[PDB]
Amino acid sequence: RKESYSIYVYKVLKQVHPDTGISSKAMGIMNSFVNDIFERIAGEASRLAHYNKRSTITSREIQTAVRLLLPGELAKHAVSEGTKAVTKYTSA
Amino acid sequence: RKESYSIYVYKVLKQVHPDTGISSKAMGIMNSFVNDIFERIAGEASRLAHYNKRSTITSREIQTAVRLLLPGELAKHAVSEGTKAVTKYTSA
Amino acid sequence: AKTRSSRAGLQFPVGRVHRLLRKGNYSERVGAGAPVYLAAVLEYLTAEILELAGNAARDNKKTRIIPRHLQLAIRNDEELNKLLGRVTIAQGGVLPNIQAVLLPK
Amino acid sequence: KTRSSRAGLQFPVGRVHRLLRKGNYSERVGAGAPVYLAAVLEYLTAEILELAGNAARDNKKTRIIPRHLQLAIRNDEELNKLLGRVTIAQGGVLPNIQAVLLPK
Amino acid sequence: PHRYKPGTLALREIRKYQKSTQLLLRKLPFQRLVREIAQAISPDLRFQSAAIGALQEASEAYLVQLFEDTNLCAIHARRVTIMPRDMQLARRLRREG
Amino acid sequence: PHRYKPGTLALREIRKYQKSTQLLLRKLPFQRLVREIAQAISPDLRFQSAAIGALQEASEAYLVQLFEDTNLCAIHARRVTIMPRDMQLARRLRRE
Amino acid sequence: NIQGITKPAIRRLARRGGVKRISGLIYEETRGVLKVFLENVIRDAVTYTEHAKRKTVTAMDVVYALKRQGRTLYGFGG
Amino acid sequence: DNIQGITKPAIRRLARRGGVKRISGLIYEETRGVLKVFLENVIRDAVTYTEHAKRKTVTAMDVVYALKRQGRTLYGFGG
DNA sequence: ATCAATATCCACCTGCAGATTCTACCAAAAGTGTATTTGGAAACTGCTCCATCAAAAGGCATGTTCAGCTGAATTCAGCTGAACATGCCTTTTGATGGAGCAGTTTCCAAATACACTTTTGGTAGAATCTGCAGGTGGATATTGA
DNA sequence: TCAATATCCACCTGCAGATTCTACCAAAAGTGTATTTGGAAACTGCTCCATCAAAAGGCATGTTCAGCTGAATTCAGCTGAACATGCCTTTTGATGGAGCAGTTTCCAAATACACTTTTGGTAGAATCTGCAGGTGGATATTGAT
Ligand SMILES: [Cl-]
Ligand SMILES: [Cl-]
Ligand SMILES: [Mn+2]
Ligand SMILES: [Mn+2]
Ligand SMILES: [Mn+2]
Ligand SMILES: [Mn+2]
Ligand SMILES: [Mn+2]
Ligand SMILES: [Mn+2]
Ligand SMILES: [Mn+2]
Ligand SMILES: [Mn+2]
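Residues numbered from 1 in each chain as written, not as in the entry; some residues may be left out. Chains lettered and ligands numbered in written order. Heavy atoms only, no water.

The deposited coordinates for this entry were obtained by X-ray crystallography, with a reported resolution of 2.8000 Å.

Quick look at the structure:
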């Protein structure tokens with residue numbers, strides 16, 4: 001009845017720091033953060049398609065938005081990670 | 001074909017200052033203004049509806065968005081006129 | 001056959017406002033008064049900038065409004081200034097303003 | 001079976017796709033977009049936890065609290081630029097005194 | 001008998017509270033302030049406790065990085081003491097009033 | 001022989017250029033720069049003339065309220081001359 | 001109640017900002033800035049509140065009010 | 001190497017429009033570098049928009065979008 | 001507070017480049033009628049949220065003393081503004097060729113809509129741990145001398 | 001230039017409050033089939049961009065010279081920091097009730113569709129016409145004294 005990003009974050013926590021945990025107040029912050037970046041990437045990709053007379057938000061809109069919204073080195077890595085994931089998903 | 005707010009703007013000009021005209025570069029500036037204020041008002045009314053789990057943008061969202069996005073007195077006048085226009089329009 | 005704009009007493013195009021709202025990804029459905037209300041507001045703000053620009057154009061003893069006039073009109077209006085505080089008007093210039101300290105004795 | 005499994009991701013590709021479709025962003029949503037966006041959210045999330053966990057252990061704690069998140073963001077040149085207009089509740093500030101105010 | 005040279009204690013308090021994260025204004029006066037201000041916009045209003053919480057976190061944060069900036073203006077004028085014309089410039093150059 | 005006291009002419013130039021709206025940097029040097037910067041980002045690129053037009057209106061508009069802010073910091077330190085530590089402080093409190 | 005924002009509390013805030021010496025005039029000044037800030041945030045939050053036809057100001061109302069002023073806040077929702 | 005094309009006297013005019021009465025000799029190299037950074041961020045975003053549209057020409061609208069993204073909305077190139 | 005030498009302002013002039021009209025199509029509103037949603041009135045149930053009350057208790061207000069900082073004040077080497085002359089390059093403009101736009105179709109690949117069938121993630125409990133927070137043991141910070 | 005007070009930093013410990021870790025049931029997420037549809041491909045008239053020639057005047061560059069600015073030094077009054085007593089306002093915790101959200105149910109009115117007509121708004125032409133330059137009389141500006 002009230003969804004959240006909390007379980008997925010925790011999973012990600014266990015990859016980077018298997019023996020470390022996270023308080024609930026810290027998790028609400030991670031949550032806030034995830035919703036924030038989503039709306040940022042979503043919003044910018046929304047604008048991209050609309051500027052181009054396109055009606056589909058594709059992975060290519062997402063990538064272009066990340067390149068706009070993220071600082072340089074951070075963007076390089078995310079674009080790599082995003083591609084790495086979509087290409088894996090095609091081979092299945 | 002390239003639609004624009006040009007003719008509508010021109011009419012309003014003749015309403016405030018009948019013997020006054022406007023250069024084309026200045027007209028494009030006004031044109032910019034209308035698109036800017038439109039996207040500000042619309043988008044904020046988008047977000048309002050989305051927070052209230054409502055799927056319809058109604059005039060009640062437009063008014064509240066004007067009350068957020070416009071400085072005090074500017075908004076008061078706009079809100080009266082916005083009201084005055086839908087109540088006039090429902091009677092026709 | 002009457003224009004949606006005439007029933008509202010408006011000069012701005014209510015039908016276009018309504019179309020741009022629907023095709024604009026703002027929400028799934030659009031109310032019937034919404035574009036009417038919005039167009040009235042867009043029209044009001046346009047009236048307000050044009051009246052004060054027209055005043056500045058006559059003070060400049062011109063009869064055609066140029067961007068400099070729009071710039072003088074916004075920046076000199078306390079509220080319009082707040083509204084367009086992050087906005088650049090091309091070929092608009094800036095307001096005449098010297099800090100008192102820099103003046104002669 | 002899960003789209004999230006097929007993509008090599010921990011974030012939910014399915015939820016993302018829904019939030020995009022119901023988000024008034026566009027009429028149509030490509031199929032790779034939610035995979036791509038989920039992957040980016042995971043990456044950024046991974047990187048913050050990496051640095052927060054570290055900042056908690058440098059402090060010899062083993063639970064992440066908001067201070068650790070704050071210290072991690074503000075000490076990172078690029079994350080800080082990304083979240084420059086964001087207040088983290090209960091985060092505090094980075095220890096920083098202006099050199100002019102020191103004695104000597 | 002020994003006593004802190006002016007400036008010494010203040011530096012020890014700077015290190016003390018940049019190190020910490022708790023709210024620094026007393027909660028009840030603050031709450032009283034929020035409700036007062038609100039009652040002028042509209043009466044009979046109620047507040048989740050977390051709403052006042054949220055208002056306070058935001059407010060103390062905004063005041064803290066304003067002092068960070070005010071301090072920078074005070075340094076720029078080759079002083080060590082912050083003064084009203086320092087906060088006025090700081091605010092002026094962030095568009096905020 | 002008759003001559004302007006230092007600053008007199010300076011005051012007269014402020015009045016002169018707050019009155020006008022023309023671009024104050026030379027167009028072709030500016031254009032040459034934009035394309036130089038652009039070519040490091042990506043090769044073989046072209047520009048609409050107004051694209052360079054918009055880039056310049058923007059650029060000057062920005063530098064002008066940066067000098068305004070730089071000037072305020074200068075007054076704040078009871079000087080009249082703008083100096084690097086004035087532009088640095090101004091930019092710091094503008095997000096930059 | 002603005003006077004309930006006390007001198008030594010303001011001093012702690014400033015110390016968190018690395019302020020070492022403080023003019024006596026800073027405190028009434030600071031009070032005035034806090035008041036303006038609260039007046040603008042609460043007004044926008046209440047405007048979100050009354051739009052939902054509610055009588056209770058939620059945390060999300062405030063969180064939305066702050067995002068509007070360009071002050072994104074984390075730890076109460078988004 | 002075109003940055004030297006922003007001349008000392010041109011920068012002065014800009015400062016004059018900014019209400020500056022007196023100017024240090026270190027301001028000019030300082031001003032040039034600030035300008036180069038500004039353009040580098042605008043042009044890159046503008047170019048990102050260009051390449052997204054699979055174009056080879058940077059339009060005025062690319063620049064206007066790039067500027068709106070840095071919070072610098074610009075009027076007069078919309079149409 | 002008088003003056004001559006300059007710079008600037010304000011209005012007039014005329015020919016034109018740009019602003020306003022004016023025509024003649026064509027997408028796009030408006031109009032009708034039918035097909036869906038939705039948001040809302042009601043009724044209902046808990047949840048919070050407001051308001052008390054009454055302890056300790058911790059933090060604010062007040063008062064005293066003095067360090068040192070800010071503001072006032074003086075002088076100077078050179079930094080920068082103003083003027084000139086010398087010269088370089090920006091600006092202007094008219095013409096051209098082609099690159100790279102948009103514009104038009106054509107047509108699958110990709111995405112949406114329904115309708116059923118699993119699996120997951122959210123919640124309320126059942127079962128766990130990390131710091132907190134004392135106590136007080138080697139260093140660090142501070143100022144008196 | 002060194003030593004005595006104090007203070008904070010180091011490491012240690014047993015548990016309440018928080019965090020983990022478990023155990024069912026809607027509601028999303030996934031599937032299967034049946035349609036649509038957006039936008040890539042391939043081609044194409046045409047802008048709009050890129051250069052070029054080059055004269056020609058406007059602006060930049062570099063040096064000289066003078067006045068005034070900013071940087072540096074000194075110094076006294078007085079502000080704001082450090083500290084302690086004492087009292088009060090805050091905090092805290094339990095309690096009680098009332099006003100709200102939040103949950104569902106259920107139809108009217110509102111919105112969306114799908115087509116058929118009806119104009120308005122746009123895009124070039126074809127007209128007007130304010131304003132740019134250029135010029136001559138006034139009035140202001142500024143330094144000199
Ligand atoms: Cl000085
Ligand atoms: Cl004089
Ligand atoms: Mn895709
Ligand atoms: Mn307080
Ligand atoms: Mn002419
Ligand atoms: Mn005493
Ligand atoms: Mn009850
Ligand atoms: Mn003229
Ligand atoms: Mn003559
Ligand atoms: Mn003349």
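There's more to say after this.
A.B. asks: Help me understand the overall build of chain F, please; the structure alone is not making it clear to me.
C.D. replies: Along its length, chain F carries four helices and two strands. Sequence-ordered secondary structure for chain F, helices as α and strands as β, is α-α-β-α-β-α. Dimensions of chain F along its principal axes, counting C-alpha atoms only, are 50 × 40 × 20 Å. Evaluated residue by residue, chain F yields a buried proportion of 53% over its 96 residues. Pairs at least 24 apart in sequence give 40% of the contacts found in chain F among residues at least 6 apart. Entry remark: accessible area of chain F is about 5200 Å², with carbon and sulfur atoms responsible for 48%. If the 18 positive side-chain charges of chain F are averaged to one point and the 9 negative ones to another, these points end up 7 Å apart. (Helix = DSSP H or I, 4+ residues; strand = E, 2+ residues; numbered from the N terminus. Buried < 20%, exposed > 50% of the residue type's maximum accessible area, 1.4 Å probe, protein only. Contact = heavy atoms within 4.5 Å. Areas by Shrake-Rupley, 256 points an atom, 1.4 Å probe, with all protein chains shown as cover. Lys, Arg positive; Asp, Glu negative; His and termini not counted. Charge placed at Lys NZ, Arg CZ, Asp CG, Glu CD.)

A.B. asks: I tried to follow the interface of chain D and chain E on my own but got confused; where do I start?
C.D. replies: Interface size is commonly expressed as the accessible surface area that is lost when the partners come together. Each partner contributes residues to the interface: chain D has 17 residues there, and chain E has 18 residues. Summed over the three residues of chain D that lose the most area to chain E, namely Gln90, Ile97 and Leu101 of chain D, the buried surface amounts to 39% of that side. On inspection of chain D and its partner chain E, the count reaches zero salt bridges. For the pair chain D and chain E, the number of links is four residue pairs in polar contact. Tallied by class, the residues present in the side of chain D that touches chain E amount to nine nonpolar, six polar and two charged. (Buried area = accessible area lost by both parts, 1.4 Å probe. Salt bridge = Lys/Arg side-chain N within 4 Å of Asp/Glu carboxyl O. Polar contact = N/O pair within 3.5 Å; in protein donor to acceptor, adjacent residues only side chain to side chain. Nonpolar A, V, L, I, M, F, W, Y, C, P; charged D, E, K, R; others polar.)

A.B. asks: What should I look at first to understand the interface of chain B and chain C in this one?
C.D. replies: Counting from both sides, the interface comprises 56 residues of chain B and, opposite them, 53 residues of chain C. When chain B packs against chain C, close to 5000 Å² is buried across both sides, 72% of that on carbon and sulfur atoms. Together, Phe38, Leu74 and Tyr89 of chain B form the three largest contributors to the area buried by chain B at its contact with chain C, with a combined 14%. Viewed at the interface, chain C and chain B are joined by two salt bridges. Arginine 16 of chain C is paired through a salt bridge with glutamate 3 of chain B; the nearest N and O atoms lie 3.0 Å apart. For the pair chain B and chain C, the number of links is 17 residue pairs in polar contact. Going through the elements one at a time, helix 1 (6-16), strand 1 (21-22), helix 2 (24-51), strand 2 (56-57), helix 3 (59-69) and helix 4 (72-90) of chain B are the ones with two or more residues in the side of chain B that touches chain C. A per-element tally of the side of chain B that touches chain C places helix 2 of chain B first, with 15 residues. The class makeup of the residues in the side of chain B that touches chain C is 29 nonpolar, 17 polar and 10 charged. Pairing of strand 2 of chain B with strand 1 (residues 29-30) of chain C involves two bridges; the strand directions are parallel. Counted as the bridge partner of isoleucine 57 of chain B is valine 30 of chain C from strand 1 of chain C. (Pairing = 2+ DSSP bridges.)

A.B. asks: Help me understand the protein's contact with DNA strand J, please; the structure alone is not making it clear to me.
C.D. replies: Contacts to DNA strand J come from 79 residues, most closely from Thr56 of chain A, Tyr8 of chain B, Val30 of chain C, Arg32 of chain E together with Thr8 of chain F. Protein-proximal atoms of DNA strand J, defined as those within 4 Å of the protein, fall in sugar or phosphate at a share of 98%. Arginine 85 of chain F is positioned with one of its side-chain polar atoms (N or O) 3.4 Å from a phosphate oxygen of DNA strand J. Within the contact set of DNA strand J, a phosphate oxygen lies 2.7 Å away from a backbone nitrogen or oxygen of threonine 56 of chain G. Considering only residue class, the surface near DNA strand J consists of 19 nonpolar, 21 polar and 39 charged. (Near = heavy atom within 4 Å.)

A.B. asks: What is the right way to read the protein's contact with DNA strand I from this model?
C.D. replies: Near DNA strand I lie 79 residues; those nearest to it are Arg4 and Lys61 of chain C, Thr62 of chain D, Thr81 of chain E together with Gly7 of chain F. Across the atoms of DNA strand I situated within 4 Å of the protein, the share located in sugar and phosphate is 97%. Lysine 2 of chain C places a polar main-chain atom, nitrogen or oxygen, 3.2 Å from a phosphate oxygen of DNA strand I. A distance of 2.8 Å is found between a phosphate oxygen of DNA strand I and a side-chain nitrogen or oxygen belonging to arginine 19 of chain C. Tallied by class, residues from the surface near DNA strand I come to 21 nonpolar, 19 polar and 39 charged.

A.B. asks: Teacher, can you tell me more about the nonpolar core here?
C.D. replies: Side chains of nonpolar character tend, in soluble globular proteins, to be buried together. Counting 109 residues, the largest nonpolar core has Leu55 of chain E, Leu55 of chain F together with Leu39 and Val63 of chain H as its most contacted members. With sequence-adjacent residues up to four places away left out, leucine 55 of chain F is seen in contact with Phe30, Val34 and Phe47 of chain F together with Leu39, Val42, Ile43 and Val63 of chain H. Counting residues in each nonpolar core, the second largest holds 64 residues, with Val86 of chain A together with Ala39, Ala52 and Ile88 of chain D among its members. (Core = buried A, V, L, I, M, F, W, Y, C linked by side-chain atoms within 4.5 Å.)

A.B. asks: What should I look at first to understand the pattern of salt bridges in this one?
C.D. replies: It is possible for side chains bearing opposite charge to pair when their charged atoms get close. Using the criterion set out here, one finds 31 salt bridges over all chains in the structure. Two residues, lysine 67 of chain G and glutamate 39 of chain A, come together in a salt bridge whose shortest N-O distance is 3.6 Å. Pair noted here: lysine 67 of chain G is in helix 3 (residues 59-68) and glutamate 39 of chain A is in helix 2 (residues 24-51), and the two residues belong to different chains. A relative accessible area of 39% means that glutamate 39 of chain A is categorised as partly exposed. Linking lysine 36 of chain H and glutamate 40 of chain H is a salt bridge whose minimum nitrogen-to-oxygen distance equals 3.9 Å.

A.B. asks: Whenever I open this one, the layout of surface pockets confuses me. Can you help?
C.D. replies: Any empty space left between the atoms is revealed when a probe the size of a water molecule rolls over them. When its volume is computed, the second largest pocket comes out at roughly 490 Å³. Lining the second largest pocket are 24 residues, with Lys25 of chain B, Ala90 of chain C, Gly53 of chain F together with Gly76 and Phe77 of chain H sitting closest to its centre. Elements with a contribution of two residues or more to the lining of the second largest pocket: helix 2 of chain B together with helix 2 (27-41) and helix 3 (49-76) of chain F. A total of six residues in the lining of the second largest pocket trace back to one element, the largest contributor, which is helix 2 of chain B. Per-class residue counts for the lining of the second largest pocket are seven nonpolar, 13 polar and four charged. (1 Å grid on protein atoms, 1.4 Å probe; cavity = no way out; pocket = protein on both sides within 12 Å on 5 of 7 lines; lining within 4 Å. Points joined across faces, edges and corners; volume = space filled by probe spheres on them.)

A.B. asks: What's the story with the packing of helix 1 (residues 6-16) of chain A against helix 2 of chain A in this structure? I'm lost.
C.D. replies: For any two helices packed against each other, one specifies the inter-axial angle together with the distance between the axes. All names here are of chain A. Close contact between helix 1 and helix 2 brings their axes to 10 Å; oriented N to C, the two are set at 105 degrees. Classed by the angle they form, the pair helix 1 and helix 2 counts as roughly perpendicular. On helix 2, the residues that touch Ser6, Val9 and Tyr10 of helix 1 are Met27, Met30, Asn31 and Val34. (Axes fitted to C-alpha atoms, helices over the stretch in contact; angles between N-to-C directions. Parallel < 35°, antiparallel > 145°, perpendicular 65-115°, else oblique.)

A.B. asks: Can you walk me through unusual backbone geometry in this structure?
C.D. replies: One can expect most non-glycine residues to show negative phi and most peptide bonds to be in trans. Although it is not a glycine, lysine 60 of chain D adopts a positive phi angle of roughly 55 degrees. By secondary structure assignment, the location of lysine 60 of chain D is in the loop between helix 3 (33-57) and strand 2 (63-64). Of note in the backbone geometry, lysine 54 of chain H takes a positive phi value of approximately 50 degrees without being a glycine. Among the secondary structure elements, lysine 54 of chain H is positioned in the loop between helix 2 (27-52) and strand 2 (57-58).

A.B. asks: Sorry, what's going on with the side chain of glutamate 60 of chain E here?
C.D. replies: The residue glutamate 60 of chain E is located in helix 3 (residues 49-76) in this model. Here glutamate 60 of chain E occupies a buried position and makes no salt bridge, while the nearest side chain of opposite charge, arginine 16 of chain G, is found at 4.5 Å. When sequence neighbours within four positions are dropped, the list of residues in contact with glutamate 60 of chain E reads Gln22, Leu23, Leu24 and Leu25 of chain E together with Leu13 and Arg16 of chain G.

A.B. asks: In this structure, what is going on with helix 3 of chain F? I would like to understand it.
C.D. replies: Given 3.6 residues per turn, any residue in an α-helix points the same way as the ones three and four places further on. All names here are of chain F. Look at helix 3: 41 Å from first C-alpha to last across 28 residues, which is about the 40 Å you get at 1.5 Å a residue. Judged by how many residues are buried, helix 3 sits mostly within the fold: 22 of 28 residues are covered. Immediately beyond the C-terminal end of helix 3, within one or two residues, lies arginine 78, with a positive phi of roughly 50 degrees. (Expected span 1.5 Å × (residues − 1).)

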